[PDB]
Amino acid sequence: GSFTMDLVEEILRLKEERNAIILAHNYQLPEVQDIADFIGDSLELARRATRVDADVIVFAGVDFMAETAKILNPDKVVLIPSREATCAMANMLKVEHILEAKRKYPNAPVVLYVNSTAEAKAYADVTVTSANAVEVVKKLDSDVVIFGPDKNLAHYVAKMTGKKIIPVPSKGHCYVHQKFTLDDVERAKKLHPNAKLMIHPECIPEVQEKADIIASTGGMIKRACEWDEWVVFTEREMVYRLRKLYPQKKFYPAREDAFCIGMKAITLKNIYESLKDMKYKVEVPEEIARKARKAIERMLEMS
């Protein structure tokens, strides 16, 4: 015919030409999810980055996630389609916060949420995500741990493990998940009285306390089989992910306006441009990468 390739067809050809895999987070735009080879949460993306047979990883997610993939694949090309795909919560944690906490608690393990920079991870004894933070902290050989950046996840970990949690920094949080309120819980239950509530641990504690399940986005997918109707208290693109996986269930956003600007820096067009031009190359300095890798590997061994 007269027509040629659209962006999807161009991307598919370039993936072949580059020997590339596209890894996407659950918060990516639906049309980006639809072209990804693998979609998952922070822990699943970290694990998947340890079995990459491709030469090139295009990371449809934020920069810290691409850096984690690069730390696990120092000799593969890792591309981030936009350097403005970044995480507001992760940037709240600086090396100075970690050093001050280590000074006060030298025997406390430093436990850093994967939502953190590579420089910060170089000071972690182990990394965690929302899916394994409780399990990891429970198993660490200390009754006190230094933990960050997210204070709402820290609250959940403190509740579930009974251990003393020293937050770094003092007020780290995700603006997307902080948008959920008790009024959103009330409205969701009024509009969808037969639905259960799946709530991310980055939400505030009083909202966590209303959950039927508290889970990472990966845990939400794992536990969705437990009911047929769910209100989803996380970034709104997760509703698309859940509807695609389970077309027979019903999913409703807790708030349509819970959007991550950094995640939406990734577009179909800049994924195309990323493969076409081999950009933007993600690099992590060797000393930081080796130290971060030790903490990330330990995390994968512990969960």
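Residue numbers run from 1 along the displayed sequence. Take the two forms, find the largest set of C-alpha atoms that superpose within 1.5 Å, and that set is the rigid core.
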**Request:** Taking the root mean square of C-alpha distances over all structures and residues in 8 other deposited structures of this protein, with a rigid core superposition, name the larger of 134-142 and 119-127.
**Result:** 134-142
**Request:** Rigid core fitted first, then name the stretch among 38-46 and 238-246 whose C-alphas deviate most from the displayed form in 8 other deposited structures of this protein.
**Result:** 38-46
**Message:** Tell me which stretch has the larger mean Cα B-factor in this entry, 58-66 or 44-52.
**Reply:** 44-52
**Prompt:** If you average the Cα B factors in the entry, which is higher, 181-189 or 105-113?
**Reply:** 181-189
**Message:** Checking the record values for 145, 153, 176, 122, which has the greatest CA B factor?
**Reply:** 122
**Prompt:** Between 97, 83, 200, 196, which one tops the list for C-alpha B-factor in the PDB entry?
**Reply:** 97
**Prompt:** In terms of the chain's CA B-factor thirds, is residue 224 lowest, middle or highest?
**Reply:** middle
**Asked** In terms of the CA temperature factor given in the entry, to which third of its chain does residue 169 belong: lowest, middle or highest?
**Response** highest
**Request:** Within this chain's modelled residues, let me know which third the CA B factor of residue 218 belongs to: lowest, middle or highest.
**Result:** lowest
**Complete:** residue 295: CA B-factor among chain residues, third -> middle
**Request:** Could you look up the Cα B-factor of residue 92 in the entry and say which third of the chain it sits in: lowest, middle or highest?
**Result:** highest
